[PDB]
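S.K.: One structure, as structure tokens, below. Some questions next.
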Amino acid sequence: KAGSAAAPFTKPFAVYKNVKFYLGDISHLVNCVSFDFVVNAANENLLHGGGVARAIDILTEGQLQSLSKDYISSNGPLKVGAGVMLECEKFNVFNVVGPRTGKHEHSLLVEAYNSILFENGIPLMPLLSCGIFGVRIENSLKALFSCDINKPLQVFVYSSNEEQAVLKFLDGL
């Protein structure tokens, strides 16, 4: 929930330099914080049937998936590490593909986080590759903080376990 809003804001549970972290559903947080685009942790085929992808698709009333079908028909699956901005009616959604855990996960997460950073403006974004893709949250955080972050990021996590992982990670800096 917004504390208030000349542009919305809410208390992050942690801040490190440019990066603010929030515990919250993206469906809620799009009304809590200030951001220029939302980041969808997408799969290569831009099939947004589950997770944060489905939350964002529902927020865009199916526009994300329809724009994604067009993008795929014209351009093909996103490369792991790459992202594409799809401008929906109410939200610009940057769809970025984190790697699955294994070889090259760090460099690929770094490419993905850099693609977010190369978009204009402030993202409201999850950490990438956590959960289903199997990357340890600590490694996802490590990749993110491996990048030159010269703009504000609004980063969200869903569980108190993730929140503790972030606070522990941040403590070690």
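Identifiers in the structure tokens: chain A, B, ... in order shown; residue index from 1 per chain; ligand index from 1 in order shown.
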Which polymer residues have any atom within 12 Å of an atom of residue 169 in chain A, counting only C-alpha atoms, with same-chain residues fewer than 5 positions away left out, as a PDB file with N, CA and C atoms, in the first residue's frame?

M.R.:
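Result went into selection-v8.pdb, see below:
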```pdb
ATOM      1  N   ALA A  14      14.287  -2.955   2.793  1.00  0.00           N
ATOM      2  CA  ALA A  14      15.725  -2.737   2.758  1.00  0.00           C
ATOM      3  C   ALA A  14      16.050  -1.864   1.564  1.00  0.00           C
ATOM      4  N   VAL A  15      17.108  -1.072   1.710  1.00  0.00           N
ATOM      5  CA  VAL A  15      17.626  -0.230   0.638  1.00  0.00           C
ATOM      6  C   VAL A  15      19.119  -0.400   0.657  1.00  0.00           C
ATOM      7  N   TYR A  16      19.692  -0.524  -0.522  1.00  0.00           N
ATOM      8  CA  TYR A  16      21.128  -0.468  -0.655  1.00  0.00           C
ATOM      9  C   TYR A  16      21.408   0.409  -1.859  1.00  0.00           C
ATOM     10  N   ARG A 136      19.821 -20.059  -6.897  1.00  0.00           N
ATOM     11  CA  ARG A 136      19.738 -19.646  -5.495  1.00  0.00           C
ATOM     12  C   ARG A 136      19.553 -18.140  -5.453  1.00  0.00           C
ATOM     13  N   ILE A 137      18.642 -17.665  -4.610  1.00  0.00           N
ATOM     14  CA  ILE A 137      18.378 -16.233  -4.545  1.00  0.00           C
ATOM     15  C   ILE A 137      19.680 -15.415  -4.378  1.00  0.00           C
ATOM     16  N   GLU A 138      20.609 -15.965  -3.583  1.00  0.00           N
ATOM     17  CA  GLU A 138      21.916 -15.333  -3.270  1.00  0.00           C
ATOM     18  C   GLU A 138      22.718 -15.118  -4.524  1.00  0.00           C
ATOM     19  N   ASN A 139      22.570 -16.044  -5.465  1.00  0.00           N
ATOM     20  CA  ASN A 139      23.305 -15.959  -6.721  1.00  0.00           C
ATOM     21  C   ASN A 139      22.658 -14.985  -7.663  1.00  0.00           C
ATOM     22  N   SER A 140      21.341 -14.887  -7.565  1.00  0.00           N
ATOM     23  CA  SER A 140      20.604 -13.931  -8.381  1.00  0.00           C
ATOM     24  C   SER A 140      20.958 -12.532  -7.917  1.00  0.00           C
ATOM     25  N   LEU A 141      20.956 -12.351  -6.605  1.00  0.00           N
ATOM     26  CA  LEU A 141      21.363 -11.081  -5.985  1.00  0.00           C
ATOM     27  C   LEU A 141      22.787 -10.726  -6.335  1.00  0.00           C
ATOM     28  N   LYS A 142      23.660 -11.721  -6.264  1.00  0.00           N
ATOM     29  CA  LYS A 142      25.052 -11.516  -6.616  1.00  0.00           C
ATOM     30  C   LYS A 142      25.198 -10.996  -8.036  1.00  0.00           C
ATOM     31  N   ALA A 143      24.494 -11.633  -8.976  1.00  0.00           N
ATOM     32  CA  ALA A 143      24.517 -11.179 -10.377  1.00  0.00           C
ATOM     33  C   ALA A 143      24.002  -9.750 -10.512  1.00  0.00           C
ATOM     34  N   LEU A 144      22.880  -9.450  -9.867  1.00  0.00           N
ATOM     35  CA  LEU A 144      22.323  -8.091  -9.924  1.00  0.00           C
ATOM     36  C   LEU A 144      23.334  -7.073  -9.412  1.00  0.00           C
ATOM     37  N   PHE A 145      23.937  -7.350  -8.257  1.00  0.00           N
ATOM     38  CA  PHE A 145      24.881  -6.403  -7.663  1.00  0.00           C
ATOM     39  C   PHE A 145      26.269  -6.460  -8.265  1.00  0.00           C
ATOM     40  N   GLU A 162      12.528 -15.196   1.372  1.00  0.00           N
ATOM     41  CA  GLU A 162      13.283 -14.370   0.403  1.00  0.00           C
ATOM     42  C   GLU A 162      13.760 -13.056   1.022  1.00  0.00           C
ATOM     43  N   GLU A 163      12.873 -12.426   1.787  1.00  0.00           N
ATOM     44  CA  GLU A 163      13.187 -11.190   2.481  1.00  0.00           C
ATOM     45  C   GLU A 163      14.406 -11.361   3.400  1.00  0.00           C
ATOM     46  N   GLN A 164      14.422 -12.441   4.184  1.00  0.00           N
ATOM     47  CA  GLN A 164      15.589 -12.784   5.005  1.00  0.00           C
ATOM     48  C   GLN A 164      16.852 -13.048   4.187  1.00  0.00           C
TER      49      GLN A 164
END
```

S.K.: Excluding range 97-109 of chain A and residues on its chain fewer than 6 positions from it, collect all residues at most 9 Å away from it, counting only C-alpha atoms, and give them as a PyMOL selection string.

M.R.: chain A and resi 40-44+46+78-83+128-130+132-136+139-140+142-144

S.K.: Write down as a count of residues only the residues of chain A whose backbone DSSP state falls under strand (DSSP E).

M.R.: 38

S.K.: Please determine, counting only C-alpha atoms, which residue among A:55, A:18, A:158, A:74 has the shortest atom-to-atom distance to residue 117 in chain A.

M.R.: A:18

S.K.: Quick one: which range 83-153 of chain A residues come within 12 Å of range 59-66 of chain A, and what is the nearest atom pair for each with the distance in Å to one decimal, counting only C-alpha atoms, rows ordered by chain and ascending number, as CSV?

M.R.:
```
residue,atom,partner,partner_atom,distance
A:84,CA,A:64,CA,11.5
A:85,CA,A:64,CA,10.1
A:86,CA,A:64,CA,7.0
A:87,CA,A:64,CA,8.1
A:88,CA,A:63,CA,6.0
A:89,CA,A:60,CA,7.0
A:90,CA,A:60,CA,6.7
A:91,CA,A:60,CA,6.9
A:92,CA,A:64,CA,9.1
A:93,CA,A:64,CA,7.6
A:94,CA,A:64,CA,10.0
A:95,CA,A:64,CA,9.4
```

S.K.: For range 2-10 of chain A, list every protein, DNA or RNA residue within 8 Å, evaluated using only C-alpha atoms, and leave out those in the same chain fewer than 3 positions away; present the list as a ChimeraX atom specification.

M.R.: /A:31-34

S.K.: Could you check the closest approach to residue 12 in chain A for each of A:165, A:96, A:156, A:45 and tell me which residue wins, using only C-alpha atoms?

M.R.: A:156

S.K.: So which bits of range 1-170 of chain A end up alpha helix (DSSP H) when you DSSP the backbone, as a PyMOL selection string?

M.R.: chain A and resi 26-29+51-59+63-75+105-118+137-145+160-170

S.K.: Compare A:166, A:171, A:124, A:159 by their minimum atom-to-atom distance to residue 36 in chain A, counting only C-alpha atoms, and give me the closest one.

M.R.: A:124

S.K.: Counting only C-alpha atoms, which of A:30, A:123, A:68, A:112 gets nearest to residue 147 in chain A?

M.R.: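 With only C-alpha atoms as the atom set, the closest residue is A:112.
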
S.K.: Could you please determine the separation between CA of residue 72 in chain A and CA of residue 116 in chain A in Å, to one decimal place?

M.R.: 19.5 Å
